[PDB]
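Colleague: An experimental structure, sequence included, is below.
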Amino acid sequence: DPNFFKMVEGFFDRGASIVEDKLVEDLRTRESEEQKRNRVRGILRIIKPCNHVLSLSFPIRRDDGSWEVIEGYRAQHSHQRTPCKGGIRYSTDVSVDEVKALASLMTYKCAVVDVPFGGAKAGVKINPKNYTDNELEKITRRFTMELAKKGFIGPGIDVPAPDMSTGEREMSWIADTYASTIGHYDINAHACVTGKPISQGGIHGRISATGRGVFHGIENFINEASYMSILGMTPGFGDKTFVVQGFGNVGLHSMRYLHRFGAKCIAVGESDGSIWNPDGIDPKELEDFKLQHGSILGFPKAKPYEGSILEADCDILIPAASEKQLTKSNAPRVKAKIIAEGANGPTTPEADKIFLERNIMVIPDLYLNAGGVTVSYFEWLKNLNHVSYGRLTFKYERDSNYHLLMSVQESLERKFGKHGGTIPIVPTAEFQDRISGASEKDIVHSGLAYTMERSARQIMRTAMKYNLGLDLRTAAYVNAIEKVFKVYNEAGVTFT
Amino acid sequence: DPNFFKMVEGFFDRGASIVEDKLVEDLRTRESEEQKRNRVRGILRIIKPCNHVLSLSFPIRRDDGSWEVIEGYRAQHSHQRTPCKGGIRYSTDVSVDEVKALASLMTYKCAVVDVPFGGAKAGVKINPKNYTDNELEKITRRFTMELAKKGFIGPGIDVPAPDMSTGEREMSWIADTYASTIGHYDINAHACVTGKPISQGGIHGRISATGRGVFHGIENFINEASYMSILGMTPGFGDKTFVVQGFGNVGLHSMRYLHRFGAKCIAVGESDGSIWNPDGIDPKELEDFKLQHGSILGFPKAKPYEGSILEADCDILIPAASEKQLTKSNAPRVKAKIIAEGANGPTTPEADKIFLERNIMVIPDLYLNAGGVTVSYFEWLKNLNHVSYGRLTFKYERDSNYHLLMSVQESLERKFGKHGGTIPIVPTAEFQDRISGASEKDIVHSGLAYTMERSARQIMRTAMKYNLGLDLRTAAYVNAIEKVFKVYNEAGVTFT
Amino acid sequence: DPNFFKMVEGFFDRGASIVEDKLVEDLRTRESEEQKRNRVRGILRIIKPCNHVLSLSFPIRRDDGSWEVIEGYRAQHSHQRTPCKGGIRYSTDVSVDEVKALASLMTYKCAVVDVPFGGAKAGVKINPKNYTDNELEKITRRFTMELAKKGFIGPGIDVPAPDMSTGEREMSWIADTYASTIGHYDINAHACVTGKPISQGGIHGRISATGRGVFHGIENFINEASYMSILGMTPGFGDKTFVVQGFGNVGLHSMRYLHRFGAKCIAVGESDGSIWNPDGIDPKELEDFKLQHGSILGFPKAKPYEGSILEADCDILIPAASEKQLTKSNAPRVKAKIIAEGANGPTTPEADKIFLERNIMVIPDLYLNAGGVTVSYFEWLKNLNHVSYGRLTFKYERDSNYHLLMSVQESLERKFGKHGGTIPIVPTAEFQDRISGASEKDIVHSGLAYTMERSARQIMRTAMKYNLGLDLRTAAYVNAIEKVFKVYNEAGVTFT
């Protein structure tokens, strides 16, 4: 039951050693100078540790009038890619080593989904419950200030983001505080932080992002005969049956999209209890049940399962919640053949070894829930373009599409003595609804898909190159370390 | 006749009270702290008044050598949307109230056409006719300087624009003066002001912008069966017949585009006289007549009407000139069912109540002449993009289009033993032209059309929502207020 | 009675026309180009009107939770001298015209005392008595912010200052708000405003500044045989007898210092009533009386005089209170020969003419109460020096002094067989107190005295140059206009 930090770090060292060799021979061994290039692995030593970590201690006057000093910290893992990216966590269980760890994860994660951002992470030792909306605000802002004055929040330095503990409300404050203070003259002040309200410069499709990422991440592999054979998957009768642990944002959507495409949800577990039903569970029903009242407990059309759903018999198990939920203990008691990490670090290193032994394909957090980050990239861009995606092309494109059809029509009618006989100028029903309901989220969603696909293939190619089996995790880390390295390498350090 | 500031104010307060109640219940009553969220209407009382207004006296050495002080002002209504936008006036009738008023209009007008700009407006108590080109330049530059040193010109702060009293020449100077002085280090210096020459970073399709706007504005509503029924329009034999008051550069185009689509111009006024002809009047002909010599008076194919063509018997009357031309007096004497405000404030509040009483749909100036602004937004972006729209797509697109058609061809050929029989690969005449002559102005004009439309639906949906009839005006202002509010709300003021 | 604007403007014109002529002839008629140099009096036309004037409307959330919008303005008269200087007034009566006027006064006043600052002046339509300390703060800050973002509050742009309606507490806030936000990177952030607490970067000797100024102003003229003869003053039996109208800060000190040097206070009025006693009145007593309880009414050793002390028979009458207290009505009824304006505009133009008819010397407000400003200059400097005056010289000096004395002693003891006989190494009692209690205030107070004196002689010289009598006012303005002009002239405008 290791702890985040000594989990990630292992993962790195793992896929650091596996790259070192190859990373010298073949890649750069044709201009080998004193074969001391193997001492250039010092670039890997630099990548491992966070380059900067700022600890704070600011005060805020509670609503009752009493003073109080809040402590928090933000760590920036790497700068290989200028603008650092990472969330902000409001919890009373947020250690410097936790942030440092997550921040490390970020860099690699971003690499995997080709996002030009360095890994960061922030944490404020506070418990939102114990503060009033007004207080919270006061905190986020004073935080933003300090964070700014020391180069830890800037649209070209570090762009924060929400976490399970924080929301778009906070982000909106961060943004605004910044813009109305130290970034007053910055024409891209609002790009200092993402995950903010649409009105404040947010990007359409943020919410569903992470969730949709999980889906495409699974999709890409579930549709790869090769892998699906090693597991004896891509059925004919069974088709697809999954389970999701944690009905949060990510979990909910993950079950929405997964279900939409033929998969059947057999079990959903939460902090409270769980749910079971071989027949299937409908996303909207369970969603409206959890929105109408308390939790998911006492949901009709579903027997209350007891304990975690991590042992429910299904094909795909998606851990979209807490940390380290799959350990060396319950690792051999999992039915599922595929584990989709819809969260960070939901499986321990020991558990990984087991799963590998009994052919269990674990889709890396490092890649699966990199959907939010991918879209946050878009939000950043959308603030640099200062325009909502497709604002200037939708109409143009529409016209061009109708000209295309009209050309086929006129050109097919000139193969007959008519002037309105053939009727190609009519788009399909789907294609019509697309055109008529074109909107930013469509450009976003599509860009997401594209990235999750490209990345997927990339991981697969890397797992076939280093002969790995279903160890997609290390593959991904390796993939990442190779990218981060290349940047550093093709420059240096001080003589970079 | 009330003045411009009284009107606009009234309009605001009108919409402001309409919103208030719905703005609390339904749209935020779900987490209603001690229902004091009625006291949040303060937001509205912050939005109403301009938040800044700079008055300034600056000297210039007249050509003859003599010194003279020039006084002018610039008012920034709101900063809810960072870059303020507004035009510069050069008239000896300006008045700190006027600029405050028009700057108030701008904010709302931008909101309507989803343009991320705050409302601003400048004014220099001067009369261009009494100053040499050289002098005028001196002025516009000094003015830019002072305006810059105080934060009232700046690609991120405030982006000025031309008015009927200024031109691209001036704007060019403003842009250059700024980029050669204060904004020397700003990589977006030439985005400090719009409406500039092409060679100075201007955007194609500026001249026809406002005009085209008018058209689309009208078009969107004259295509809506619902509204066209309440009037008894969208006829089968009368089709469309319109009249334009003021043959300026908005009026002229308005006629051109209106006419080009099956509408017949039956009357065209001016500041001199008028024109009449139930058979119709050709735009080109009347244009060439005006351009070839003097005014439109003495135009063949047309009997010299006497008085204002605001009484002519037509379907659509488009006031594209002076201010307050439709008052309580002549309000009842109109024969047109639709009044398209191709100018600002061409109808008084009293007139509006009359037109409503005798079912007369008045398309708001707040929306109908927002075309120019909409495009100015594009110019700004163009300047930030550092590339002419389409530059890197036109060719790519072209290719992709041909491949599309080729596919349909080849594909269809397969259903026949021939390799050249069916020729879909040929684009319609129109489509060809479009492809061959693809320029920036096409992307621009299309983006415009897309904004006018979306905005038109938005206004309609708002009208229906607050069960407003043909009072599109208030409906628009309400629509605006709502937007501007949302921004403020989803943040605050100091604790924003 | 004419308002402040009308007056100050008149004063300017007056001096302006007196300087024009001479300002061309002997000054610069040697290079005389075209003799058009008269047309270079345009300079003057630029100097008269304020160059900028910002009007704002910013919100604050009152303690009760309600939301109000505060309106206020700042006006910068001239920039001829880089940092503008001027106070901030918190009263319901403030009017754009008022600030403009007072700003205008500053520029000239500073010129008189050789202070390198432009003339500025703020104003916030608000009555401090209606707001809680918290609320006041919240206003000063939000005001400082908006005032900064538009270039009306920086250490090198415009340095505000306290008024009778605002104190050091508000300044402190201004300073801090600025240095925490916009000016965060400015190493001289705390030089953005003056009149702030000592612990915030304030200079020692600010409270006795304006008062002491009034004293040295009077002292310099009451010591000039020439002027004192025209009035038959500098007596040998009557010595000195004065009267002060207004027992505010300036008035109190004025009496303290005046009295300390032989004068004899015979009457002191207030907003309530007055006091009279030919025998004399002791500052400390009357001070303690006021402090101890209520006003000055009921004070022992003094018969309650009814009305204004302006008519009390005395030598020097010092109006240290409200505006326009000496008009064309009571002007003839004055018994004093000298009128020391310890306030701004306490005598109307029409009163001035009268006093000049019956040889009454009126020492100009423009000069007399320029003591505060003079010291505020020091405070500014103090903040830019980053060290308290004397900090690194007191000790050194002390030592030097003793060595001086000990050199006289040893040297004198060498003219007599004795090593200890003569004792010149002993300072006087006064000297010793000075040495032992050396502190910043001393350096300040000295510098102030030096300025008031040099400025006094400058005024005189001017008066005698332009052959003005006891019309010290115009003489001062003229003296100012000359200075301001010289700057502009020895440069230009655009081609400056």
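Modeller: It's in. Numbering: from 1, shown residues only, chains lettered A, B, ... in the order given.

Colleague: and the one residue in chain A that gets nearest to chain C, what does it touch?
Modeller: Closest to chain C within chain A is residue A:181: 4.9 Å, counting by C-beta to the nearest C-beta. Every C-beta, even on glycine, is put in place using the N, C-alpha and C of the backbone. Residues in contact with residue A:181 (C-beta atoms under 8 Å, 6 or more residues apart in numbering or on different chains) are A:145, A:148, C:181, C:182.

Colleague: do residue A:370 as well
Modeller: So residue A:370 contacts A:109, A:110, A:112, A:113, A:115, A:213, A:452, A:455 (C-beta under 8 Å, 6+ apart).

Colleague: who wins for most neighbours among the contacts of residue A:181?
Modeller: Counting neighbours by other C-beta atoms under 10 Å in any protein chain shown, the top entry in the contacts of residue A:181 is residue C:182, with 23 neighbours.

Colleague: follow-up on the earlier one: could you dump the contacts of residue A:370 to CSV with neighbour count?
Modeller: As requested, these are exported to CSV (neighbours: other C-beta atoms under 10 Å in any protein chain shown):
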residue, neighbour count
A:109, 29
A:110, 28
A:112, 27
A:113, 25
A:115, 24
A:213, 29
A:452, 25
A:455, 23
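
Colleague: would CSV of those residues with distance to residue B:55 be doable?
Modeller: What follows is the contacts of residue A:370, written out as CSV (distance: C-beta to C-beta, whole Å):
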residue, distance to residue B:55
A:109, 54
A:110, 50
A:112, 57
A:113, 53
A:115, 49
A:213, 54
A:452, 56
A:455, 58
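
Colleague: The residues you listed in helices, which ones?
Modeller: A:109, A:110, A:112, A:213, A:452, A:455 (DSSP state H).

Colleague: Rebuild the residues you listed as TSV, extending it with distance to residue C:96.
Modeller: Below are the ones in helices among the contacts of residue A:370 laid out as TSV (distance: C-beta to C-beta, whole Å):
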residue	distance to residue C:96
A:109	57
A:110	54
A:112	61
A:213	57
A:452	61
A:455	62
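
Colleague: Flag every residue of the stretch 351-496 of chain A that's near chain B.
Modeller: Within the stretch 351-496 of chain A, the positions near chain B by C-beta under 8 Å from any C-beta of the partner chain are A:385-387, A:391-396, A:399-400, A:403-404, A:406-408, A:410-412, A:414-415.

Colleague: Count the residues that sit near the residue of the stretch 251-400 of chain A found nearest chain B.
Modeller: Per C-beta to the nearest C-beta, residue A:395 is where the stretch 251-400 of chain A lies closest to chain B, at 3.5 Å. Residues contacting residue A:395 under the criterion other C-beta under 10 Å number 22.

Colleague: With adjacent residues omitted, what lies nearest to it?
Modeller: With sequence-adjacent residues excluded and distances taken as C-beta to C-beta, 6 or more residues apart in numbering or on different chains, residue A:395 is closest to residue B:450, at 3.5 Å.

Colleague: And residue A:188, by the same measure?
Modeller: residue A:155 (4.6 Å).

Colleague: Surely the one you found touches residue A:187?
Modeller: No: using C-beta atoms under 8 Å as the test, residue A:155 is too far from residue A:187 to be in contact (9.3 Å).

Colleague: Distance check, the residue lying closest to residue A:107 once chain neighbours are set aside against chain B.
Modeller: Take residue A:107 and drop its neighbours on the chain: the residue closest to it by C-beta to C-beta, 6+ apart is residue A:119, 3.1 Å away. According to C-beta to the nearest C-beta, to the nearest Å, residue A:119 stands 28 Å off from chain B.

Colleague: Residue A:119: what's it in contact with?
Modeller: Counting by C-beta under 8 Å, 6+ apart, residue A:119 makes contact with A:76-78, A:84-86, A:103-110.

Colleague: and with 6 Å instead?
Modeller: Counting by C-beta atoms under 6 Å, 6 or more residues apart in numbering or on different chains, residue A:119 touches A:77, A:78, A:103, A:106, A:107.

Colleague: Which element, helix or strand, includes it?
Modeller: Taking DSSP states H and E as the definition, one finds residue A:119 inside strand A:118-125.

Colleague: cool, and residue A:226?
Modeller: Residue A:226 is part of helix A:225-230, with elements assigned from DSSP H and E.

Colleague: So what's the residue count around residue A:481?
Modeller: Under the criterion other C-beta under 10 Å, the count of neighbours that residue A:481 has is 26.

Colleague: That one reaches residue A:19, doesn't it?
Modeller: Yes: if you go by C-beta atoms under 6 Å, residue A:481 and residue A:19 touch, sitting 5.5 Å apart.

Colleague: residue nearest the centroid of chain A?
Modeller: In chain A, the residue lying closest to the centroid (C-alpha atoms, centre = their mean) is residue A:370, at 2.2 Å.

Colleague: give me phi/psi at it?
Modeller: With angles defined as degrees, to the nearest 10, residue A:370 sits at phi -120, psi 10.

Colleague: tally of neighbours for the residue nearest to residue A:256 when sequence neighbours are not counted?
Modeller: Counting by C-beta to C-beta, 6+ apart, residue A:256 lies nearest to residue A:283, which is 4.4 Å off, once chain neighbours are set aside. Neighbour count of residue A:283, defined by other C-beta under 10 Å: 18.

Colleague: circling back to that earlier point, if I look at the residue nearest to residue A:188, how far off is residue A:380?
Modeller: Going from residue A:155 to residue A:380 by C-beta to C-beta, to the nearest Å gives 8 Å.

Colleague: Residue A:87 too?
Modeller: According to C-beta to C-beta, residue A:87 stands 14 Å off from residue A:380.

Colleague: same deal with residue A:162?
Modeller: 14 Å.

Colleague: all strands of chain A, in order?
Modeller: For chain A, the strands defined by DSSP state E occupy A:52-55, A:59-61, A:67-69, A:72-76, A:84-91, A:118-125, A:158-161, A:241-245, A:264-269, A:316-318, A:338-340, A:361-363.

Colleague: Which elements pack onto the fifth one?
Modeller: Right, the one you point to is strand A:84-91. strand A:118-125, strand A:158-161 (3 or more C-beta pairs under 6 Å, 6 or more residues apart in numbering or on different chains; DSSP states H and E).

Colleague: Contacts for the last one, please.
Modeller: The contact list for strand A:158-161 (C-beta under 6 Å, 6+ apart) reads A:83, A:84, A:85, A:87, A:88, A:120, A:152, A:153, A:193, A:194, A:195, A:376.

Colleague: Next: stretch A:48-55.
Modeller: Contact partners of stretch A:48-55, identified using C-beta under 6 Å, 6+ apart, comprise A:12, A:73, A:74, A:75, A:76, A:77, A:100, A:103, A:150, A:152.

Colleague: hang on, the earlier thing: can you list residues touching both of residue A:155 and residue A:380?
Modeller: What both residue A:155 and residue A:380 touch, as defined by C-beta under 6 Å, 6+ apart, is the set residue A:191.

Colleague: Phi, psi for the most far-flung residue of chain A relative to its centre please.
Modeller: Ranked by distance from the centre of chain A (C-alpha atoms, centre = their mean), the top residue is residue A:417, with 57.3 Å. Torsion angles at residue A:417 (phi, psi; degrees, to the nearest 10) stand at phi -90, psi 40.
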